[PDB]
Ligand code: HEM
Ligand SMILES: O=C(N[C@@H](Cc1c[nH]c2ccccc12)C(=O)Nc1ccncc1)c1ccc(-c2cccc(F)c2)cc1F
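Residue numbers (the working numbering): 531 to 980.
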């Protein structure tokens, strides 16, 4: 049971961080075919990171349980945002109970009015910033706004949106996000040091909890006198009760709510943006025409069944945008026990990684991996890990693709788009969640005449 092959280090303390930083895909691709191995070890500032770049071996990463392959350590830099003691910072069963409640709230059973709520909100956007016959806009920005507005409309009741609208909420979320130092996965010390930024999320957190409390107290004042039939993500979570029979504290409720919105914000937008960029490119008229054929029968007011059931192709477009260019590049676990990966053994201490970026460009799994083709299929079973797998698979997946499909459907009905460059935009590897390079997403909308 040998250690996997490790790439020679040529920079004493830093290791491979510089090179891995400049060009992720390339670096890993070279490491792979340099060492003729899908499984291999690199070195981040002293730390050993074993990457599992062989899709046939994805199950050895996604199936071991928390006690052998743990997310706490590596995702503890998210504490300021979810809360101390919430999600990854909680006892694993408590962590698990928590995520289950969240999942219960985002299942397809709860999707009844989401689609009309999403359209109303999309149309509202389109009719205020896309209100000319032709226009230049930044599509990434604009899908981001659309995504957050639709999330809020699906997930929050009117009374909360009166106090906290999507605009306000994006700002509180940005404050929160500005204190994140993902660097601290490899330099833990940073999680314990106060920084210029540290205070910023706490201020937005306390403002957010303050609002939720006041909302709940008023909700109580009207249940004194009514059915108050409508429920939302908030009332959902407040009726949750742990196995031990105690309910969630406000701190935890709020943690789940931001964790929800935060998680979906960039990933769903980026996925929308990419899909449209691909669909509007000359080279992909074939696919744009196909999508539009799928939409052709549909009514103005879309419904649960149109987008849940009658849009296979729109889904393939979203999933393939993710496949070509996944928003999350490196997924990670801390190795609690020696564990067996293919012909190798990964020792206790290692950070173990599985990278959707790498696996989605395995030429066997995905012939011509830089070609965006919505009709392809994985040539290896399980090579698509865009939404993770096994114990920590994405729980927002369905809600996410609901937003994207409804947005594509609503957009491409009323409009055409004109990419303002020759080629589709390049990914930008220099942000924690990756998307098309923002400065390259300026785009022209054209209102359709029919
Ligand atoms: C296109 C949209 C999305 C993509 C590409 C995406 C991607 C992923 C991936 C790759 C994972 C696995 C993480 C890992 O294995 O370490 C994951 C997990 C997760 N995602 Fe998403 N996600 C999306 C949307 C959402 C949304 C809308 C939510 C919630 C509102 C959400 C909540 C989560 C949660 C809670 C997990 C936790 C898995 C766990 O630890 O049990 N995601 N997502
Ligand atoms: O790492 C980041 N975000 C993770 C968080 C995450 C990891 N495990 C998760 C499990 C559930 C939910 C969220 C996460 C994420 O979005 N993960 C996720 C997981 C599952 N589904 C969807 C999404 C992140 C890091 C830095 C920044 C940033 C941006 C601007 C300025 C700045 F200073 C920093 C933004 C980010 F967003």
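Just so it is clear, CB atoms sit at the ideal spot from N, CA and C, and this is done for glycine as well.
Excluding five sequence neighbours on each side, which residues of the same chain lie with their C-beta closer than 6 Å to the C-beta of residue 596?
622
Given a threshold of 16 other Cβ atoms within 10 Å of its Cβ, counted over all protein chains shown, does residue 985 qualify as buried or as exposed?
Lying before the first or after the last residue shown, residue 985 is absent from the chain, which here runs from 531 to 980.
Find out if the Cβ-Cβ distance for the pair residue 696, residue 673 is shorter than 7 Å.
no
beta-carbon residue 801 near ligand 2 non-hydrogen atom, thresh 6 Å
no
With a Cβ-Cβ cutoff of 7 Å, do residue 762 and residue 687 count as a contact?
yes
Can you grab the Cα-Cα spacing for the pair residue 790 / residue 918, in whole Å?
16 Å
In chain order, what are the residue ranges of uninterrupted alpha helix (DSSP H) at least 4 long that sit wholly in the stretch 617 to 703?
622 to 635, 644 to 659, 669 to 685, 688 to 693
If residue 784 and residue 742 are in contact, beta carbons under 8 Å, what's the gap, nearest whole angstrom?
6 Å
Length-filtered (3 minimum) beta strand (DSSP E) runs lying within the stretch 543 to 596
569 to 574, 577 to 582
On the DSSP letters alone, give me the boundaries of the beta strand (DSSP E) that residue 946 sits inside.
945 to 949
How would you call residue 879, buried or exposed, if buried means at least 16 neighbouring beta carbons within 10 angstroms?
exposed
Examine ligand 2 and report whether any of its heavy atoms sits within less than 6 Å of the Cβ of residue 707.
yes
Residue 933 and residue 798 look like a contact to me (Cβ under 8 Å); what is the Cβ gap, rounded to whole Å?
5 Å
For the stretch 766 to 779 against the stretch 882 to 898, are there 3 or more C-beta pairs whose distance is under 8 Å?
no
Residue 717 to residue 711 span [Cα, whole Å]
10 Å
Is it buried or exposed, residue 703, if we count other Cβ atoms within 10 angstroms and call 16 or more buried?
buried
Whole angstroms are fine: how far does the CA of residue 746 sit from the CA of residue 777?
15 Å
Tell me which residue opens and which closes the beta strand (DSSP E) that residue 976 is part of.
972 to 977
Inter-residue spacing [alpha-carbon to alpha-carbon] between residue 963 and residue 582:
20 Å
Can you determine whether any heavy atom of ligand 2 sits closer than 6 Å to the C-beta of residue 789, and answer yes or no?
yes
Since residue 853 is in the alpha helix (DSSP H), which residue starts that stretch and which ends it?
842 to 854
Given the structure, does residue 539 come close to ligand 2, in the sense that its CB is under 6 Å from one of the ligand's heavy atoms?
no
Status (buried if at least 16 other CB within 10 Å, exposed otherwise) for residue 936
buried
Residue 797: beta carbon under 6 Å from a heavy atom of ligand 2?
yes
How many Å lie between residue 921 and residue 866 at the Cα?
16 Å
Ligand 1 heavy atoms versus the CB of residue 673: any closer than 6 Å?
no
Please determine whether the Cβ atom of residue 917 lies at a distance below 6 Å from any heavy atom of ligand 1.
yes
Who does residue 868 pair with in a DSSP beta bridge?
DSSP output for residue 868 lists no bridge partner at all.
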